[PDB]
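Colleague: My questions will all concern the structure given below.
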Amino acid sequence: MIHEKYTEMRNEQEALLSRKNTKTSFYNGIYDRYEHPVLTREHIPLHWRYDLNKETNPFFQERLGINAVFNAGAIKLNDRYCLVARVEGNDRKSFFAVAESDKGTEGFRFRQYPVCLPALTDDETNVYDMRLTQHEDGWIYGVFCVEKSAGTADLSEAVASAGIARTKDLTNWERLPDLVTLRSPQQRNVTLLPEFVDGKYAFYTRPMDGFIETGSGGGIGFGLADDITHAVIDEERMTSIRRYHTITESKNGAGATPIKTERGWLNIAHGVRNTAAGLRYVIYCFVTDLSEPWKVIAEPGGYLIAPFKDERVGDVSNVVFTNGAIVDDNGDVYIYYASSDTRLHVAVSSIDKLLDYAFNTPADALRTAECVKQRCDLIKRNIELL
Amino acid sequence: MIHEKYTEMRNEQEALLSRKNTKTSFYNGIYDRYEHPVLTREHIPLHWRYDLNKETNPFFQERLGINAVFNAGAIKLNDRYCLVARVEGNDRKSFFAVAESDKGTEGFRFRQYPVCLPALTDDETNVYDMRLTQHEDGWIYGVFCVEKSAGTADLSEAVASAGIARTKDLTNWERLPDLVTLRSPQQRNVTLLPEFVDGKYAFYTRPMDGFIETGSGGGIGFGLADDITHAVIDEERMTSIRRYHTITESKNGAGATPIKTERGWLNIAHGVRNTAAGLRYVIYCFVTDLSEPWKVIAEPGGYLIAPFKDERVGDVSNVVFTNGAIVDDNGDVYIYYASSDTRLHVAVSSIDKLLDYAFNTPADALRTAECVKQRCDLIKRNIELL
Amino acid sequence: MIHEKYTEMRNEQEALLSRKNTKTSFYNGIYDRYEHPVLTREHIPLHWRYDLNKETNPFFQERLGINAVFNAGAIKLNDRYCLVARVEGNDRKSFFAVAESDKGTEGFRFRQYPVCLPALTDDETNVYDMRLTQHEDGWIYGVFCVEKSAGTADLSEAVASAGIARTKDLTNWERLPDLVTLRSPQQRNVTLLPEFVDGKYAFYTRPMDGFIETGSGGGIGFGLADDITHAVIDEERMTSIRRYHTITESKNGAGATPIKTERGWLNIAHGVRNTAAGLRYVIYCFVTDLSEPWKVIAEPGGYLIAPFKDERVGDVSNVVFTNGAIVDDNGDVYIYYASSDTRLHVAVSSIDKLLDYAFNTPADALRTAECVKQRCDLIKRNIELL
């Protein structure tokens, strides 16, 4: 009852869905880039898009297209690499779907169905950018962006909030109430630390007036929540603050979930600046203190990832954006950054490498003269070698 | 009296001007894409650009360059495929020029001269995006955008209007007065149906306050004109309306001229949304009622064409835009969409295919949860097959 | 004391740093384009970026990255082609560095250190787009943009000014006070003519309210300065003025330093227009009068260079921008235009070619009808040949 191109297409998918990934000539001493993305719109199973019944669909047309899969939460569940990816269909709404692999640089395959998540309100128009936390309390939390319309004359005006839901398998989800932030009407780039702080749940947040425009409101705020089941945040202490003429000028916020090291919380975050061609996103790093995570103790100058070569172009071009990372027990680190809001790539590093960077890469000299002196010094002691 | 590179360049043109076009591996069950565009700036004849006289131009330089040819009206005149293309020169003004072929996917060649069209006013700065209607009244109408300056401090501020002119050969044009819309100071994406409605001329329009910003003013309005020779439209009834978080959020409007089918008027239109990198244009479809063309009876969720691969980049990137289509007698359909305001491509479909899409592709579920359920159902009945 | 990838990387650089450049099939009768850029971020010496000491940098990571090198002043010092390039690091600040060659289309190599330039104030955040003038007074002046923050709530709000500094070798620089313009709070695209005018120093300027938005304020103004050591400009006489629906609509300004010919000052300048995808920059030309440089005597319609093929994409895409040019004694001309604020290319022409263009390429007909007639006439006298 098939229609018979299906067999052939299903055959080409499998070839892509198993396509071997290779490392690129790219070097900087910190991470490695790879030739192919780990997830594309081509990766979504065809029976999520096509109706294979020959009677109600005779030409064999795509009934529900996928436009993009990007910004993806990452977590290692048991011994499989799990990517809770943001999948965007042709209708512009995004939803979550899990993809699994055993190598982390290739072989990712979506599950049987996409992720089901109870709407709390009925004006929840779409959800995105989930960050995954394997907390010490036993659960796995997904904290994600919830976008609703503002009832205004401007059809484009929408309000953003932060929603929380818990799982243990990634199939079943318990939708907890949305996080409340009392000194901030909207929230973006919210994420939960894997450990308690003063016997409470710890968040990184971005307070803001709403919703394209950051408020006052300098950057990434640290907040404590008494109970996650009814999460409330009265204060948000400032950590990474945006600075004029840095990589953070217009915006900045958390990316991958905080990663615990012996020297502190490694936050692979993102910064936004305004350019003549629109907004430019890049991926930078910063380390906060283990016993005091509101305290930035490492913060290099500039960025770690920027759009590079064919990463430059997509639906929202000159954007790189990480939602999540995977840390192996031996020291291996996998960073899942999307490019141009169209595809998901992988960058490979280690804890010691990523810690070498941030403590030892020089902080921002902030002004051209001091920057020149800063570079001159390095040149001056590289020549006092040969 | 030649200068003698001309012979060689004229020889390479002919090779491009006759270059065979091939179909691409692209599939979705609805249309086919092709390897090469049907018209580029390279297609314009060199004696429109170069002065071949060796005395007044010794280095053989280009005196009047072409920067782009895009958004093109389409009509089958006699048995030739005719493309009234928008040609933009280096001086940023656009004008119309006709290109003809007998295959429709290749071999397009411009005429002897470009299209001459009487300015009605003397502050008509430029004209563009003509839609061609072979009306039942005998004539062929070109309804197009007329752009004038607003006498304001902002040099960029301009007013848009809709101009009409009739022909039978595409060489000679009778400029009729500009369409008047009384409940709307400006007009874009205006087009004329091939049949009468209540013994009158039928338009699709986009009412608007002006001119980058849509007013109130929800979308594509249907209007009746008593006489085309002095065209007046008092009311515009709303058809396709823009919706929050759809493909239409910021803007939307007509594309190719309405195409009559047995089930209704097939309108291949366009939608615009705001992104961090600027505005994104896509091509979608909707069907209105034969006896009541203000009544949308089919309207799928999402789009039909979006910028794809090297279509992504040009002078105004991430734009696809159709001005016109060509329908053969047997059922063949040719859609002429431009990419990034630089080149004109072709998409090949049929009436029954394009009708399968729009009636049977699911309408917009509007919110992520309902979208997920909508996709889940399809997945659930594709598995109840194998 | 080396770490030993360095030797290998240093070996690949040398191959790029010596890579032969070839001419492209590109033709228009005026300039030639080349296959490779003359300067990239790959061109910067690795000991400006890497710490080769194995003890303080064990993984051999890049400590001070380069994100781009673009908009470059050009001057022939003795018999070497010198490019004072704008180098941008990962921290978003720009600085100047000199690169030298003997062919001008290839083989460019940076100096030992980057350019040292005394900050006059301590809130000078960054400097860029230096134009180089070998004046008749003996010196070489660099007039460049100085960007400071405005002490406002908007972190993005910055004020621009024009700074001057003199040299004879390009290593040592005497920072003179910033140019004062009394009828204009900010200045961009300022440059100095190589000759005196009425026994004074002659500037082209762009007066402006600040700083993304041009004021009133029509375009490129000519100004006279009594003494360069304390440079003051009371009046700026208008030359090239921006016009609605031209290549100059939103912005325009000087590019390469004025080039003296027998028929006038050849100014290879730039124009900016607003598009749905952001701002579009192109390179155009105009000639002013030798004894009266505020008087435009040649000004063709449109542009000379626009973003082409892979020039289209970078950090600020659809931008071409020249800072400087090199004129040989025999008639050879080298134009150093950057693309998309990422790389620096070269266009090759001659004085007589570039003079043929501007006097003989038709001026702007300003409106579509007159443009069509203008092109029609040329077509009409190209056919009255064969």
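Letters A, B, ... go to the chains of the structure tokens in the order shown; residues in each chain start at 1; ligands are counted from 1 in the same order.
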Select residues of chain C: the criterion is any atom within 6 Å of an atom of chain A, counting only C-alpha atoms; output as a list in words.
Modeller: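 That gives residues 47, 48, 59, 60, 61, 62, 63, 90, 91, 92, 93, 125, 126, 155, 278, 279 and 316 of chain C for chain C.
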Colleague: Skipping near chain neighbours, those fewer than 6 positions away, what residues fall within 9 Å of range 180-192 of chain C using only C-alpha atoms, listed as number ranges by chain?
Modeller: C: 129-133, 135, 141-146, 159-162, 201-211, 217, 220, 230-236, 252-258
Colleague: Write to file, as a compact mmCIF listing (two decimals), in the first residue's frame, the residues of the selection just made, with N, CA and C atoms.
Modeller:
# COMPACT_ATOMS: atom_id res chain seq x y z
N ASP C 129 40.42 52.51 9.04
CA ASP C 129 40.29 53.12 7.72
C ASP C 129 41.21 54.32 7.50
N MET C 130 42.51 54.09 7.60
CA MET C 130 43.48 55.15 7.36
C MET C 130 43.63 55.40 5.87
N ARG C 131 43.62 56.67 5.49
CA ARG C 131 43.98 57.06 4.13
C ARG C 131 45.34 57.75 4.17
N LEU C 132 46.21 57.33 3.25
CA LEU C 132 47.61 57.76 3.20
C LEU C 132 47.87 58.80 2.13
N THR C 133 48.46 59.92 2.53
CA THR C 133 48.78 60.98 1.59
C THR C 133 50.26 61.32 1.59
N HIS C 135 52.17 63.97 0.77
CA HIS C 135 51.95 65.38 0.49
C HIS C 135 53.17 66.01 -0.18
N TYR C 141 51.04 61.57 5.45
CA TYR C 141 50.01 61.67 6.48
C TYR C 141 49.08 60.46 6.45
N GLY C 142 48.70 60.02 7.63
CA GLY C 142 47.65 59.04 7.78
C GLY C 142 46.50 59.76 8.44
N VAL C 143 45.39 59.88 7.71
CA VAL C 143 44.17 60.41 8.31
C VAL C 143 43.16 59.28 8.42
N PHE C 144 42.70 59.05 9.64
CA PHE C 144 41.96 57.85 9.97
C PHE C 144 40.79 58.11 10.90
N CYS C 145 39.93 57.12 11.05
CA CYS C 145 38.77 57.23 11.93
C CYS C 145 39.12 56.86 13.37
N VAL C 146 38.69 57.70 14.30
CA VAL C 146 38.87 57.48 15.73
C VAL C 146 37.52 57.30 16.38
N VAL C 159 30.79 57.98 19.25
CA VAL C 159 31.11 59.12 18.42
C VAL C 159 32.38 58.87 17.61
N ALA C 160 32.33 59.32 16.36
CA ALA C 160 33.43 59.18 15.42
C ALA C 160 34.14 60.52 15.22
N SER C 161 35.46 60.47 15.04
CA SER C 161 36.25 61.67 14.74
C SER C 161 37.35 61.32 13.76
N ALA C 162 38.10 62.33 13.32
CA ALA C 162 39.18 62.14 12.37
C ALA C 162 40.53 62.47 12.98
N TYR C 201 46.21 73.14 3.43
CA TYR C 201 45.98 71.69 3.33
C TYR C 201 44.54 71.39 2.94
N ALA C 202 44.35 70.54 1.93
CA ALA C 202 43.00 70.29 1.41
C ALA C 202 42.42 68.93 1.81
N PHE C 203 41.21 68.95 2.38
CA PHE C 203 40.51 67.73 2.79
C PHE C 203 39.23 67.45 2.02
N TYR C 204 38.93 66.17 1.84
CA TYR C 204 37.57 65.74 1.58
C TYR C 204 37.06 65.14 2.88
N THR C 205 35.79 65.39 3.19
CA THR C 205 35.20 65.03 4.48
C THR C 205 33.79 64.48 4.27
N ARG C 206 33.22 63.86 5.30
CA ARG C 206 31.77 63.64 5.30
C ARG C 206 31.14 64.18 6.56
N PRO C 207 30.54 65.38 6.47
CA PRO C 207 29.87 65.94 7.65
C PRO C 207 28.59 65.17 7.97
N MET C 208 28.19 65.19 9.22
CA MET C 208 27.24 64.23 9.72
C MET C 208 26.84 64.48 11.14
N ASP C 209 25.63 64.08 11.53
CA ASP C 209 25.13 64.33 12.87
C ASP C 209 25.60 63.24 13.82
N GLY C 210 25.69 62.02 13.31
CA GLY C 210 26.26 60.91 14.07
C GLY C 210 25.28 59.78 14.35
N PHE C 211 25.70 58.55 14.10
CA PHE C 211 26.99 58.26 13.48
C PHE C 211 26.77 57.20 12.40
N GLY C 217 23.98 68.24 5.16
CA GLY C 217 24.63 66.95 5.27
C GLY C 217 24.47 66.08 4.04
N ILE C 220 29.71 64.53 0.38
CA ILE C 220 31.15 64.70 0.54
C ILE C 220 31.57 66.16 0.43
N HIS C 230 47.76 71.86 13.66
CA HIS C 230 46.58 72.12 14.46
C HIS C 230 45.40 72.35 13.52
N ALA C 231 44.88 71.26 12.96
CA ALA C 231 43.96 71.34 11.83
C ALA C 231 42.53 71.73 12.20
N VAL C 232 42.05 72.79 11.57
CA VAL C 232 40.71 73.32 11.81
C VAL C 232 39.99 73.54 10.47
N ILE C 233 38.73 73.13 10.39
CA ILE C 233 37.93 73.33 9.19
C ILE C 233 36.59 73.99 9.54
N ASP C 234 36.44 75.26 9.15
CA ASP C 234 35.20 75.98 9.43
C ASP C 234 34.09 75.62 8.44
N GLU C 235 34.38 75.70 7.15
CA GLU C 235 33.43 75.32 6.10
C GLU C 235 33.78 74.05 5.34
N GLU C 236 32.75 73.28 5.00
CA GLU C 236 32.88 72.19 4.06
C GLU C 236 31.94 72.34 2.85
N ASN C 252 27.23 58.10 1.59
CA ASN C 252 28.34 58.11 0.65
C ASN C 252 29.55 58.81 1.25
N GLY C 253 30.74 58.50 0.75
CA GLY C 253 31.95 59.11 1.28
C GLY C 253 33.19 58.76 0.49
N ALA C 254 34.29 59.45 0.79
CA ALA C 254 35.56 59.20 0.12
C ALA C 254 36.07 57.78 0.38
N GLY C 255 36.85 57.26 -0.56
CA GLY C 255 37.47 55.96 -0.42
C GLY C 255 38.98 56.08 -0.48
N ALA C 256 39.55 55.81 -1.64
CA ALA C 256 40.98 56.02 -1.84
C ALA C 256 41.30 57.51 -1.89
N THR C 257 42.50 57.86 -1.44
CA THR C 257 43.04 59.22 -1.49
C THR C 257 42.85 59.81 -2.89
N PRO C 258 42.58 61.12 -2.98
CA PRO C 258 42.47 61.76 -4.31
C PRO C 258 43.68 61.49 -5.19
Colleague: From the set C:49, C:43, C:270, C:168, which residue has the shortest atom-to-atom contact distance to residue 64 in chain C, counting only C-alpha atoms?
Modeller: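 When distances to residue 64 in chain C are compared using only C-alpha atoms, the smallest one comes from C:49.
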Colleague: List as a PyMOL selection string the protein and nucleic acid residues near residue 349 in chain B, meaning an atom at most 10 Å away when only C-alpha atoms are counted, but skip any in the same chain fewer than 5 places from it.
Modeller: chain B and resi 29-33+327+331-335+354
Colleague: Output N, CA, C and O atoms for every residue in the selection just made, as a CSV table (one decimal), in the first residue's frame.
Modeller:
chain,number,residue,atom,x,y,z
B,29,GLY,N,7.8,16.1,-4.5
B,29,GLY,CA,6.6,15.6,-5.1
B,29,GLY,C,5.7,16.6,-5.8
B,29,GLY,O,4.7,16.3,-6.3
B,30,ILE,N,6.2,17.9,-5.7
B,30,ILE,CA,5.3,18.9,-6.2
B,30,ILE,C,5.9,19.7,-7.4
B,30,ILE,O,5.3,19.8,-8.5
B,31,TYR,N,7.2,20.2,-7.2
B,31,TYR,CA,7.8,20.9,-8.3
B,31,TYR,C,9.3,20.4,-8.5
B,31,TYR,O,9.8,19.7,-7.7
B,32,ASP,N,9.8,20.7,-9.7
B,32,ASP,CA,11.2,20.4,-10.0
B,32,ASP,C,12.0,21.6,-10.1
B,32,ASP,O,11.6,22.6,-10.7
B,33,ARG,N,13.3,21.6,-9.6
B,33,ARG,CA,14.2,22.7,-9.8
B,33,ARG,C,15.2,22.4,-10.8
B,33,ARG,O,15.5,21.2,-11.1
B,327,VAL,N,1.1,28.6,-17.8
B,327,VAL,CA,0.4,27.3,-17.8
B,327,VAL,C,0.1,26.8,-19.2
B,327,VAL,O,-0.5,27.4,-20.0
B,331,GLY,N,-1.4,20.7,-19.0
B,331,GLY,CA,-1.4,20.6,-17.5
B,331,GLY,C,0.0,21.0,-17.0
B,331,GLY,O,0.1,21.1,-15.8
B,332,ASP,N,0.9,21.3,-17.8
B,332,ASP,CA,2.2,21.7,-17.4
B,332,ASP,C,2.2,23.2,-16.8
B,332,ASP,O,1.6,24.1,-17.4
B,333,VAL,N,3.0,23.4,-15.8
B,333,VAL,CA,3.1,24.6,-15.1
B,333,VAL,C,4.5,25.1,-14.8
B,333,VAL,O,5.3,24.3,-14.4
B,334,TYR,N,4.8,26.3,-15.2
B,334,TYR,CA,6.1,26.9,-15.1
B,334,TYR,C,6.1,28.1,-14.1
B,334,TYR,O,5.3,29.0,-14.4
B,335,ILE,N,6.8,28.1,-13.0
B,335,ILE,CA,6.8,29.2,-12.1
B,335,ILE,C,8.1,29.9,-12.2
B,335,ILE,O,9.2,29.3,-12.0
B,354,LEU,N,-0.2,21.0,-8.0
B,354,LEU,CA,-0.4,22.2,-7.3
B,354,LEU,C,-1.7,22.3,-6.6
B,354,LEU,O,-2.0,23.2,-5.8
Colleague: Within 9 Å of residue 118 in chain A, counting only C-alpha atoms, which residues qualify if same-chain residues fewer than 5 places away don't, as a VMD selection string?
Modeller: (chain A and resid 173 to 175) or (chain B and resid 369)
Colleague: I need the residues from that last selection saved to file as a short mmCIF file (atom, residue, chain, number, x, y, z; two decimals), in the first residue's frame (with N, CA, C and O atoms), if you can.
Modeller:
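Contents of out_23.cif, freshly written:
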data_model
loop_
_atom_site.label_atom_id
_atom_site.label_comp_id
_atom_site.auth_asym_id
_atom_site.auth_seq_id
_atom_site.Cartn_x
_atom_site.Cartn_y
_atom_site.Cartn_z
N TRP A 173 7.81 13.43 29.74
CA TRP A 173 8.14 14.71 30.35
C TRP A 173 7.04 15.21 31.29
O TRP A 173 5.86 15.21 30.95
N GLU A 174 7.46 15.63 32.48
CA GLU A 174 6.57 16.25 33.45
C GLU A 174 6.75 17.76 33.38
O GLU A 174 7.78 18.29 33.82
N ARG A 175 5.76 18.46 32.83
CA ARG A 175 5.83 19.91 32.71
C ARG A 175 5.59 20.59 34.05
O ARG A 175 4.49 20.54 34.59
N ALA B 369 2.32 22.93 20.13
CA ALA B 369 1.71 21.72 20.65
C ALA B 369 0.82 21.06 19.61
O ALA B 369 0.98 19.87 19.30
#
Colleague: Leaving out residue 128 in chain B and any residue of its chain fewer than 6 positions from it, which residues lie within 9 Å of it when counting only C-alpha atoms, given as a compact mmCIF listing (two decimals) with C-alpha atoms, in the first residue's frame?
Modeller:
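The result, stored in around.txt:
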# COMPACT_ATOMS: atom_id res chain seq x y z
CA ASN B 71 10.96 39.48 -10.73
CA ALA B 72 9.45 38.73 -14.15
CA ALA B 85 11.66 40.73 -16.84
CA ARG B 86 12.65 43.46 -14.41
CA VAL B 87 16.12 44.54 -15.50
CA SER B 94 14.74 49.14 -13.14
CA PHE B 95 13.02 48.77 -16.50
CA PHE B 96 11.11 46.07 -18.36
CA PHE B 144 3.01 47.00 -12.10
CA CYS B 145 4.56 48.98 -9.26
CA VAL B 146 5.25 52.69 -9.77
CA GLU B 147 7.70 54.28 -7.34
Colleague: Skipping near chain neighbours, those fewer than 5 positions away, what residues fall within 6 Å of residue 108 in chain C using only C-alpha atoms, listed as a ChimeraX atom specification?
Modeller: /C:99-101
Colleague: Rounded to one decimal in Å, what is the spacing between CA of residue 26 in chain B and CA of residue 102 in chain B?
Modeller: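 Separation of CA of residue 26 in chain B and CA of residue 102 in chain B: 23.9 Å.
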Colleague: How many Å lie between CA of residue 67 in chain A and CA of residue 212 in chain B, rounded to one decimal?
Modeller: 26.1 Å
Colleague: Calculate how many Å separate CA of residue 319 in chain B from CA of residue 269 in chain B, rounding to one decimal.
Modeller: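 CA of residue 269 in chain B lies 13.2 Å from CA of residue 319 in chain B.
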Colleague: Compile the contact shell of range 5-8 of chain A as an MDAnalysis selection string: residues with an atom at most 9 Å away, counting only C-alpha atoms, same-chain residues fewer than 3 positions apart removed.
Modeller: chainID A and resid 2 11:13 46 50 52 60
Colleague: Among range 181-318 of chain A, which residues does DSSP mark as helix (DSSP H, G or I) when it is run on the backbone? Keep the chain and numbering as in the structure and answer as a list in words.
Modeller: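 Filtering range 181-318 of chain A down to helix (DSSP H, G or I) leaves residues 309, 310, 311 and 312 of chain A.
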Colleague: I need the strand (DSSP E) residues of range 165-344 of chain A per DSSP on the backbone, written as a ChimeraX atom specification.
Modeller: /A:165-167,174-176,180-181,186-196,201-208,219-225,232-233,237-241,251-253,259-260,265-275,278-288,296-298,320-327,332-339,343-344
Colleague: Nearest to residue 321 in chain A among A:271, A:58, A:37, A:293, with distances taken over only C-alpha atoms: which residue is it?
Modeller: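 Of the candidates, the smallest distance to residue 321 in chain A is held by A:271.
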